[PDB]
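Each chain is listed here by its residues.
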Amino acid sequence: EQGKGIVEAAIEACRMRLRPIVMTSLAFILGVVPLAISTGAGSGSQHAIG
Amino acid sequence: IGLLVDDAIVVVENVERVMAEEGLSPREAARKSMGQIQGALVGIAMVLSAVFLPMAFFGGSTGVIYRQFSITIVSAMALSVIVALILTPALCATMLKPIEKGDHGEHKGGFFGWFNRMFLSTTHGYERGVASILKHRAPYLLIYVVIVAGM
């Protein structure tokens, strides 16, 4: 809505926003791998979501 | 906790982005950046609460299971947008006033300034990647239909 069109805008948008996607991706993966690897009490229900 | 630390990291990158691309004042950086992010961040609340609200409407024995799941999510995500709109715009402007001099990841302290350059090479390859997606645009849309046959 300022100075660009359609095809050119979506390229610079993902060029701007590639860093927060890989920011949240590695954090969300490494936060939920412990309940996907761990064994013990209730782990059979943790492995159904992790 | 995963979606609760998602929005704790999507809001500091947007305020350091204007410090990196423009060198703007770190007090007014929050008003410059989050003037167009406050709408998006309050709009993700009513979709991230709507993906959990009707599942807590069921009855029987599965209703007691499905409630206290979705309630424990919506209580986390309902106030996290409020604290993301109130607290961290002040805290990025008060307990963070960085002014970097000289280096841009070249020296960086030690030799670990190659990782951000590798990140720059991957996004420089990624813009060419999405340009090659937008080259013909027919096979990358026709592979979507053979994906949803999996569904």
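Residues numbered from 1 in each chain as written, not as in the entry; some residues may be left out. Chains lettered and ligands numbered in written order. Part of a larger assembly, values for the part shown. Heavy atoms only, no water.

Header annotation of the entry names cryo-EM as the structure determination method and lists the resolution as 3.2 Å.

Draft legend 1. Summary view of the interface of chain A and chain B. Across the boundary between the two partners, chain A contributes 13 residues, which contact 15 residues of chain B. Surface buried jointly by chain A and chain B totals about 1,200 Å² across both partners, of which 74% is contributed by carbon and sulfur atoms. The interface formed by chain A and chain B includes two salt bridges. Among the ionic pairs, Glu13 of chain B bridges to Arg17 of chain A, the shortest N-O distance being 2.5 Å. Applying the counting criterion to the chain A and chain B interface returns two residue pairs in polar contact. In terms of residue class, the side of chain A that touches chain B is built from nine nonpolar, one polar and three charged. (Contact = heavy atoms within 4.5 Å. Buried area = accessible area lost by both parts, 1.4 Å probe. Salt bridge = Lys/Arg side-chain N within 4 Å of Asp/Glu carboxyl O. Polar contact = N/O pair within 3.5 Å; in protein donor to acceptor, adjacent residues only side chain to side chain. Nonpolar A, V, L, I, M, F, W, Y, C, P; charged D, E, K, R; others polar.)

Draft legend 2. Representation of the side chain of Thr123 of chain B in the model. Looking at the element boundaries, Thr123 of chain B is found in helix α8 (residues 115-136). A relative accessible area of 9% places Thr123 of chain B in the buried class. (Helix = DSSP H or I, 4+ residues; strand = E, 2+ residues; numbered from the N terminus. Buried < 20%, exposed > 50% of the residue type's maximum accessible area, 1.4 Å probe, protein only.)

Draft legend 3. View of the layout of surface pockets. What the largest pocket holds in volume is close to 1,300 Å³. Together, 32 residues line the largest pocket, and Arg19 of chain A together with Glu16, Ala20, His104 and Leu120 of chain B are the ones closest to its centre. Contributions of two or more residues to the lining of the largest pocket are made by α1 (7-32) of chain A together with α2 (12-21) and α8 of chain B. A total of eight residues in the lining of the largest pocket trace back to one element, the largest contributor, which is α8 of chain B. For the lining of the largest pocket, the per-class residue count stands at 14 nonpolar, six polar and 12 charged. Quantified by volume, the second largest pocket comes out at close to 720 Å³. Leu35 and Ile49 of chain A together with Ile1, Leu3 and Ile73 of chain B are, among the 20 residues lining the second largest pocket, the residues nearest its centre. Put simply, the parts of the chain that give the lining of the second largest pocket at least two residues each are α1 of chain A together with α1 (2-6) and α7 (70-94) of chain B. Sorting elements by how many residues they give to the lining of the second largest pocket places α1 of chain B first, with five residues. Each residue belonging to the lining of the second largest pocket can be placed in one class, and the counts come to 14 nonpolar, five polar and one charged. (1 Å grid on protein atoms, 1.4 Å probe; cavity = no way out; pocket = protein on both sides within 12 Å on 5 of 7 lines; lining within 4 Å. Points joined across faces, edges and corners; volume = space filled by probe spheres on them.)

Draft legend 4. Inspection of the packing of α1 of chain A against α2 of chain B at higher detail. The geometry of α1 of chain A relative to α2 of chain B is characterised by a closest axis approach of 10 Å and an angle of 140 degrees between their N-to-C directions. Considering their axes alone, α1 of chain A and α2 of chain B lie oblique with respect to each other. Classified by chirality, the crossing of α2 of chain B by α1 of chain A is right-handed. Across the interface between the two elements, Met16, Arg17, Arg19 and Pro20 of chain A of α1 of chain A pack against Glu13, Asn14, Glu16 and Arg17 of chain B of α2 of chain B. Broken down by class, the residue content of the contact of α1 of chain A with α2 of chain B amounts to two nonpolar, one polar and five charged. (Axes fitted to C-alpha atoms, helices over the stretch in contact; angles between N-to-C directions. Parallel < 35°, antiparallel > 145°, perpendicular 65-115°, else oblique. Left-handed = near helix turned anticlockwise from the far one by under 90°.)

Draft legend 5. Region of interest: unusual backbone geometry. Residues and elements named next belong to chain B. The phi dihedral of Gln68 is positive, around 70 degrees, even though this residue is not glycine. In this structure, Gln68 sits in the loop between α6 (61-66) and α7. Judged by its relative accessible area of 55%, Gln68 falls in the exposed class. Here the phi dihedral of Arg137 falls at roughly 70 degrees; this positive angle occurs in a residue that is not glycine. Tracing the chain through its elements places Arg137 in the loop between α8 and α9 (139-148).

Draft legend 6. Looking closely at the packing of aromatic side chains. All names here are of chain B. What the rule picks out here adds up to two aromatic pairs over all chains. Where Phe58 meets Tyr66, the ring centres are 5.9 Å apart and the plane angle is 50 degrees; that geometry is what we call tilted. The class of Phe58 is partly exposed, set by a relative accessible area of 45%. Accessibility expressed as a relative area gives 30% for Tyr66, which makes it partly exposed. (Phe/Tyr/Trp six-rings, centres within 6.5 Å; stacked < 30°, edge-to-face > 60°.)

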